[PDB]
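Peer 1: One structure, as structure tokens, below. Some questions next.
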Amino acid sequence: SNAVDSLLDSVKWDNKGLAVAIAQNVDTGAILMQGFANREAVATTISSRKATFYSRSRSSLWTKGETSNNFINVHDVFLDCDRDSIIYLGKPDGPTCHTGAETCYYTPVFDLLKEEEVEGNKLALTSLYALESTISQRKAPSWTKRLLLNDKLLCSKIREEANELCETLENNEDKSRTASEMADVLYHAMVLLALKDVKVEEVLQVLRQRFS
Amino acid sequence: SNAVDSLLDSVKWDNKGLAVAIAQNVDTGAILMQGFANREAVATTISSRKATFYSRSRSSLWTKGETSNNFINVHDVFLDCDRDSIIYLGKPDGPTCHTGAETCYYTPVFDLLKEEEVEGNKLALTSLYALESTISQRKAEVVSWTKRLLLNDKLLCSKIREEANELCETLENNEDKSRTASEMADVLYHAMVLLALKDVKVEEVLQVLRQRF
Ligand SMILES: [Zn+2]
Ligand SMILES: [Zn+2]
Ligand SMILES: [Zn+2]
Ligand SMILES: [Zn+2]
Ligand SMILES: [Zn+2]
Ligand SMILES: [Zn+2]
Ligand SMILES: [Zn+2]
Ligand SMILES: [Zn+2]
Ligand SMILES: [Zn+2]
């Protein structure tokens with residue numbers, strides 16, 4: 001036949017002809033959105049390289065961004081082990097959620113359950129991006145704030161911690177010391193990034209582009 | 001009624017009483033696995049802090065790791081905008097897939113369209129972890145610019161110190177942010193070569209940072 005049809009024949013579609021499709025940020029890992037896909041949606045994602053879904057309510061194919069202009073440009077596609085779940089790994093043109101939120105996932109359940117009569121949405125973030133968010137909040141006196149207001153102290157720390165990290169290899173120190181000094185390097189380097197208005201995602205795009 | 005019951009009433013369950021549940025590594029962002037959850041599965045994930053699902057084929061609740069011991073320890077739970085999709089954000093005790101793979105997502109589709117008769121599974125990786133994997137592959141092979149650094153500690157440490165100073169210069173000398181991003185990428189790359197020599201994973205570094213807050 002052809003290769004795409006042969007692969008699509010191997011997907012474990014449900015009894016409506018659908019699989020779960022998850023869009024994920026190729027540079028950061030943030031989950032952008034989750035929908036469903038039929039044969040045509042997956043084939044169209046592959047051929048067009050734009051994340052394409054099937055709407056159960058509209059009984060219709062749709063492409064993220066067809067109205068909003070915020071397309072997800074797809075770098076790769078992965079099936080899970082039993083072939084009923086698909087990741088579209090790609091780079092968003094702009095906020096993925098129709099609400100304007102950066103991703104569709106900003107409703108924290110654990111926060112809802114704490115004893116406090118007040119609600120607040122917040123994007124789901126993994127550890128590296130949570131640190132970036134905390135530093136950005138401090139920028140807008142904690143020790144992070146102290147480092148944001150004393151350039152010379154910060155740069156002295158960045159050079160000092162880089163040297164300490166090197167010394168874990170030069171003096172054959174335990175790998176736990178290496179991980180701890182790398183954490184120190186990363187933290188102070190990210191305070192500098194905040195001062196320069198650079199996002200971690202932008203740094204990771206640079207690394208991707210160099211190894212392209 | 002209590003807070004969990006009130007929350008579960010606000011989930012947009014499908015006509016089998018299910019929502020999609022996605023387990024995601026809290027430290028790295030890797031998607032570990034995706035299944036379905038009913039009311040009881042979400043309530044049990046919240047109360048036990050272990051990722052819990054409903055099996056459509058077995059019509060039964062199950063907790064990831066109940067046999068394999070590779071539990072996913074849940075740090076937070078998120079709903080999507082229209083409340084029919086759930087992220088279990090958590091830390092796995094070990095590989096999530098029953099096959100032994102670290103995650104359930106190792107079947108790349110674009111490979112099957114190449115020209116050689118060959119197949120090769122590989123974990124889905126985002127940019128930072130893809131670079132980590134490339135360096136590890138260079139370390140494993142025998143007789144390349146990355147390979148040069150893996151085989152010369154003194155050149156490598158020289159570069160790390162040099163690059164850290166370059167990054168500082170972008171602030172001290174008020175350079176454009178494009179320069180700062182480029183120098184941070186230099187710092188990251190060379191540091192990650194040292195991590196490879198020390199057998200340290202990026203995930204272990206990010207765990208350290210999370211634990212400090
Ligand atoms: Zn399986
Ligand atoms: Zn599956
Ligand atoms: Zn949304
Ligand atoms: Zn020292
Ligand atoms: Zn240190
Ligand atoms: Zn919505
Ligand atoms: Zn949804
Ligand atoms: Zn699996
Ligand atoms: Zn440089």
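Ordering of the structure tokens sets the chain letters (A, B, ...), residue numbers begin anew at 1 in every chain, and ligands are numbered from 1 in the order given.
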Set out as a Markdown table a contact list for chain A and ligand 3 with a cut-off of 8 Å, giving each residue of chain A that qualifies its closest atom pair and distance in Å to one decimal, counting only C-alpha atoms and all ligand atoms, ordered by chain and rising residue number.

Peer 2:
```
| residue | atom | partner | partner_atom_place_in_ligand_line | distance |
| --- | --- | --- | --- | --- |
| A:33 | CA | ligand 3 | 1 (Zn) | 6.4 |
| A:96 | CA | ligand 3 | 1 (Zn) | 6.7 |
| A:97 | CA | ligand 3 | 1 (Zn) | 3.6 |
| A:98 | CA | ligand 3 | 1 (Zn) | 5.2 |
| A:99 | CA | ligand 3 | 1 (Zn) | 6.1 |
| A:101 | CA | ligand 3 | 1 (Zn) | 7.3 |
| A:103 | CA | ligand 3 | 1 (Zn) | 6.5 |
| A:104 | CA | ligand 3 | 1 (Zn) | 3.7 |
| A:105 | CA | ligand 3 | 1 (Zn) | 7.2 |
```

Peer 1: Check the DSSP output for the backbone and give back, as a ChimeraX atom specification, the residues of range 48-183 of chain A in strand (DSSP E or B).

Peer 2: /A:50,52-55,60-63,72-80,85-92,105-108

Peer 1: Please produce a file of those selected residues containing N, CA, C and O atoms, as a tab-separated table (two decimals), in the first residue's frame.

Peer 2:
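The file below, result.tsv, is the result:
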```
chain	number	residue	atom	x	y	z
A	50	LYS	N	0.85	20.24	10.94
A	50	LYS	CA	0.09	21.04	11.90
A	50	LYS	C	-0.80	20.09	12.68
A	50	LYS	O	-1.50	19.26	12.08
A	52	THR	N	-3.66	18.28	14.20
A	52	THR	CA	-5.01	18.17	13.65
A	52	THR	C	-5.75	17.12	14.46
A	52	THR	O	-5.20	16.05	14.81
A	53	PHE	N	-7.02	17.41	14.74
A	53	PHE	CA	-7.81	16.63	15.68
A	53	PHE	C	-9.15	16.30	15.06
A	53	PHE	O	-9.49	16.80	13.98
A	54	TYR	N	-9.93	15.50	15.78
A	54	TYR	CA	-11.34	15.24	15.46
A	54	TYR	C	-12.22	15.64	16.63
A	54	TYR	O	-12.03	15.15	17.75
A	55	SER	N	-13.21	16.52	16.38
A	55	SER	CA	-14.14	16.96	17.42
A	55	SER	C	-15.32	16.00	17.52
A	55	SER	O	-16.11	15.87	16.57
A	60	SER	N	-16.28	16.52	13.38
A	60	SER	CA	-15.58	17.25	12.33
A	60	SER	C	-14.09	17.29	12.63
A	60	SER	O	-13.69	17.42	13.79
A	61	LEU	N	-13.28	17.20	11.58
A	61	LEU	CA	-11.86	17.48	11.71
A	61	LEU	C	-11.63	18.95	12.04
A	61	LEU	O	-12.31	19.83	11.50
A	62	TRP	N	-10.60	19.22	12.85
A	62	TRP	CA	-10.23	20.61	13.04
A	62	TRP	C	-8.74	20.70	13.33
A	62	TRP	O	-8.15	19.79	13.89
A	63	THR	N	-8.16	21.83	12.96
A	63	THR	CA	-6.74	22.07	13.16
A	63	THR	C	-6.59	23.13	14.22
A	63	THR	O	-7.20	24.21	14.12
A	72	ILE	N	0.18	24.55	16.04
A	72	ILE	CA	1.24	23.75	16.66
A	72	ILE	C	1.96	23.04	15.52
A	72	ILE	O	1.38	22.16	14.87
A	73	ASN	N	3.21	23.44	15.27
A	73	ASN	CA	4.01	22.90	14.18
A	73	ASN	C	4.69	21.63	14.68
A	73	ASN	O	5.47	21.67	15.64
A	74	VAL	N	4.38	20.51	14.03
A	74	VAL	CA	4.66	19.20	14.60
A	74	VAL	C	6.04	18.73	14.15
A	74	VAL	O	6.33	18.67	12.95
A	75	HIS	N	6.91	18.42	15.12
A	75	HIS	CA	8.25	17.90	14.87
A	75	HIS	C	8.29	16.38	14.83
A	75	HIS	O	9.06	15.81	14.05
A	76	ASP	N	7.50	15.72	15.67
A	76	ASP	CA	7.49	14.27	15.67
A	76	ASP	C	6.16	13.76	16.19
A	76	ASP	O	5.40	14.51	16.82
A	77	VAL	N	5.88	12.47	15.95
A	77	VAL	CA	4.65	11.81	16.39
A	77	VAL	C	5.02	10.47	17.00
A	77	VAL	O	5.76	9.70	16.38
A	78	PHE	N	4.50	10.18	18.19
A	78	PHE	CA	4.79	8.93	18.89
A	78	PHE	C	3.49	8.24	19.30
A	78	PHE	O	2.56	8.91	19.78
A	79	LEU	N	3.46	6.91	19.14
A	79	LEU	CA	2.40	6.07	19.70
A	79	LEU	C	2.84	5.50	21.04
A	79	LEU	O	4.03	5.27	21.27
A	80	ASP	N	1.87	5.27	21.91
A	80	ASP	CA	2.18	4.56	23.16
A	80	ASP	C	2.24	3.05	22.92
A	80	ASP	O	2.00	2.55	21.82
A	85	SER	N	-2.78	5.81	21.97
A	85	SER	CA	-2.50	7.15	22.46
A	85	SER	C	-1.35	7.70	21.64
A	85	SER	O	-0.41	6.97	21.32
A	86	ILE	N	-1.45	8.97	21.26
A	86	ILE	CA	-0.52	9.60	20.33
A	86	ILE	C	-0.04	10.90	20.95
A	86	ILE	O	-0.85	11.67	21.48
A	87	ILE	N	1.27	11.16	20.86
A	87	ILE	CA	1.81	12.47	21.17
A	87	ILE	C	2.17	13.19	19.88
A	87	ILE	O	2.89	12.63	19.04
A	88	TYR	N	1.65	14.40	19.71
A	88	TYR	CA	2.12	15.35	18.70
A	88	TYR	C	3.14	16.24	19.39
A	88	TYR	O	2.77	17.11	20.18
A	89	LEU	N	4.41	16.03	19.10
A	89	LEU	CA	5.48	16.81	19.73
A	89	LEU	C	5.80	17.99	18.80
A	89	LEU	O	6.24	17.76	17.65
A	90	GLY	N	5.54	19.23	19.24
A	90	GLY	CA	5.66	20.34	18.31
A	90	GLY	C	5.84	21.68	18.99
A	90	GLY	O	5.91	21.78	20.22
A	91	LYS	N	5.92	22.73	18.17
A	91	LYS	CA	6.24	24.06	18.65
A	91	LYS	C	5.05	24.99	18.40
A	91	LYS	O	4.66	25.19	17.24
A	92	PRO	N	4.44	25.56	19.45
A	92	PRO	CA	3.25	26.42	19.26
A	92	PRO	C	3.62	27.81	18.75
A	92	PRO	O	4.62	28.40	19.18
A	105	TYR	N	-4.02	23.78	30.55
A	105	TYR	CA	-3.99	23.16	31.89
A	105	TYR	C	-3.57	24.20	32.92
A	105	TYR	O	-2.37	24.44	33.14
A	106	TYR	N	-4.56	24.80	33.58
A	106	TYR	CA	-4.31	25.87	34.54
A	106	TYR	C	-5.30	25.80	35.70
A	106	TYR	O	-5.48	26.78	36.42
A	107	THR	N	-5.98	24.66	35.86
A	107	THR	CA	-6.97	24.48	36.92
A	107	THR	C	-6.43	23.50	37.97
A	107	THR	O	-6.50	22.28	37.78
A	108	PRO	N	-5.78	23.99	39.03
A	108	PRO	CA	-5.09	23.10	39.99
A	108	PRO	C	-6.06	22.57	41.03
A	108	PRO	O	-6.62	23.33	41.83
```

Peer 1: Around ligand 2, at most 10 Å away and counting only C-alpha atoms and all ligand atoms, which residues are there? Put them as a ChimeraX atom specification, please.

Peer 2: /A:12,19-20,79-86 /B:33-36,104-105

Peer 1: Next, write the just-selected residues to a file, as a short mmCIF file (atom, residue, chain, number, x, y, z; two decimals), in the first residue's frame, keeping C-alpha atoms as the atom set.

Peer 2:
```cif
data_model
loop_
_atom_site.label_atom_id
_atom_site.label_comp_id
_atom_site.auth_asym_id
_atom_site.auth_seq_id
_atom_site.Cartn_x
_atom_site.Cartn_y
_atom_site.Cartn_z
CA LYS A 12 -5.75 0.60 18.08
CA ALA A 19 -7.36 7.57 19.52
CA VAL A 20 -6.30 10.08 22.22
CA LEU A 79 2.40 6.07 19.70
CA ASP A 80 2.18 4.56 23.16
CA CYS A 81 2.95 0.89 23.85
CA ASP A 82 -0.58 -0.41 23.09
CA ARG A 83 -1.03 2.07 20.20
CA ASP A 84 -4.21 3.90 21.36
CA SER A 85 -2.50 7.15 22.46
CA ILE A 86 -0.52 9.60 20.33
CA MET B 33 1.48 7.15 30.31
CA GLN B 34 -2.11 7.99 29.50
CA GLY B 35 -5.25 6.20 30.60
CA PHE B 36 -8.79 6.90 31.77
CA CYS B 104 5.00 4.25 27.37
CA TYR B 105 5.94 6.48 24.36
#
```

Peer 1: Which neighbours of range 167-173 of chain A fall inside 8 Å, counting only C-alpha atoms, when residues of the same chain fewer than 3 positions from it are skipped, and could you give them as a VMD selection string?

Peer 2: (chain A and resid 163 to 164 177 to 178) or (chain B and resid 153 194 197 to 198)

Peer 1: Keeping only C-alpha atoms, write the selected residues as a compact mmCIF listing (two decimals), in the first residue's frame.

Peer 2:
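The result, stored in again.txt:
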```
# COMPACT_ATOMS: atom_id res chain seq x y z
CA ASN A 163 34.20 26.63 39.38
CA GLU A 164 32.74 24.42 42.13
CA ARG A 177 28.09 16.81 44.84
CA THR A 178 28.03 17.20 41.05
CA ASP B 153 38.63 16.82 31.25
CA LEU B 194 30.50 17.12 32.56
CA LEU B 197 31.22 12.10 32.73
CA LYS B 198 29.91 12.09 36.35
```

Peer 1: Can you work out which residues from chain A touch chain B at a cut-off of 7 Å (counting only C-alpha atoms) and hand them back as a PyMOL selection string?

Peer 2: chain A and resi 3+26-30+76-81+104-110+113+124+126-128+155+158-159+162-163+166+175+179-180+182-183+196-198+202-204+206-208

Peer 1: Let's have the selection written as a compact mmCIF listing (two decimals), in the first residue's frame, with C-alpha atoms.

Peer 2:
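Output contents, as saved in again23.txt:
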```txt
# COMPACT_ATOMS: atom_id res chain seq x y z
CA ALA A 3 3.54 3.69 4.50
CA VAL A 26 8.96 19.96 21.80
CA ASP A 27 11.33 22.34 23.59
CA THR A 28 9.98 22.30 27.16
CA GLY A 29 7.70 19.29 27.70
CA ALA A 30 4.63 21.36 28.65
CA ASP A 76 7.49 14.27 15.67
CA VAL A 77 4.65 11.81 16.39
CA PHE A 78 4.79 8.93 18.89
CA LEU A 79 2.40 6.07 19.70
CA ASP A 80 2.18 4.56 23.16
CA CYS A 81 2.95 0.89 23.85
CA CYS A 104 -5.14 24.31 28.39
CA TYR A 105 -3.99 23.16 31.89
CA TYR A 106 -4.31 25.87 34.54
CA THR A 107 -6.97 24.48 36.92
CA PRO A 108 -5.09 23.10 39.99
CA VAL A 109 -7.17 20.63 41.96
CA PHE A 110 -4.92 20.42 45.05
CA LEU A 113 -8.89 21.57 48.19
CA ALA A 124 0.78 23.50 35.27
CA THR A 126 7.39 21.18 35.91
CA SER A 127 10.36 21.86 38.21
CA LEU A 128 12.58 23.87 35.85
CA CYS A 155 27.95 37.32 38.58
CA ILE A 158 27.78 32.36 38.74
CA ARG A 159 31.57 32.24 38.35
CA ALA A 162 30.79 27.12 37.77
CA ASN A 163 34.20 26.63 39.38
CA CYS A 166 34.28 21.81 37.59
CA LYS A 175 28.12 12.38 41.93
CA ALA A 179 24.22 17.30 41.02
CA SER A 180 24.17 19.77 43.90
CA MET A 182 24.87 21.92 38.95
CA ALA A 183 21.69 22.96 40.77
CA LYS A 196 17.98 39.78 30.71
CA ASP A 197 14.33 38.81 29.97
CA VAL A 198 15.34 35.44 28.47
CA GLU A 202 14.33 30.25 24.14
CA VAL A 203 17.64 28.77 25.32
CA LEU A 204 16.41 25.23 24.57
CA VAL A 206 18.86 27.49 20.49
CA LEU A 207 20.25 24.10 21.52
CA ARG A 208 17.77 22.26 19.31
```

Peer 1: Record the distance separating CA of residue 138 in chain B and CA of residue 174 in chain A, expressed in Å with one decimal.

Peer 2: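 Atom-to-atom, CA of residue 138 in chain B to CA of residue 174 in chain A, that is 22.7 Å.
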
Peer 1: Would you please give, as a PyMOL selection string, all residues of range 6-197 of chain A that DSSP assigns to helix (DSSP H, G or I) based on the backbone?

Peer 2: chain A and resi 6-9+39-48+109-113+127-139+143-148+151-170+175-195

Peer 1: Residues within 6 Å of ligand 5 (only C-alpha atoms and all ligand atoms), as a PyMOL selection string?

Peer 2: chain A and resi 161+164+181+184

Peer 1: Just checking: using only C-alpha atoms and all ligand atoms, which residue out of B:96, B:44, B:21, B:58 ends up closest to ligand 1?

Peer 2: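 Looking only at the distances to ligand 1, the closest residue turns out to be B:96.
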
Peer 1: Counting only C-alpha atoms and all ligand atoms, which residue out of B:9, B:119, B:100, B:143 sits closest to ligand 1?

Peer 2: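 Using only C-alpha atoms and all ligand atoms, ligand 1 sits closest to B:100.
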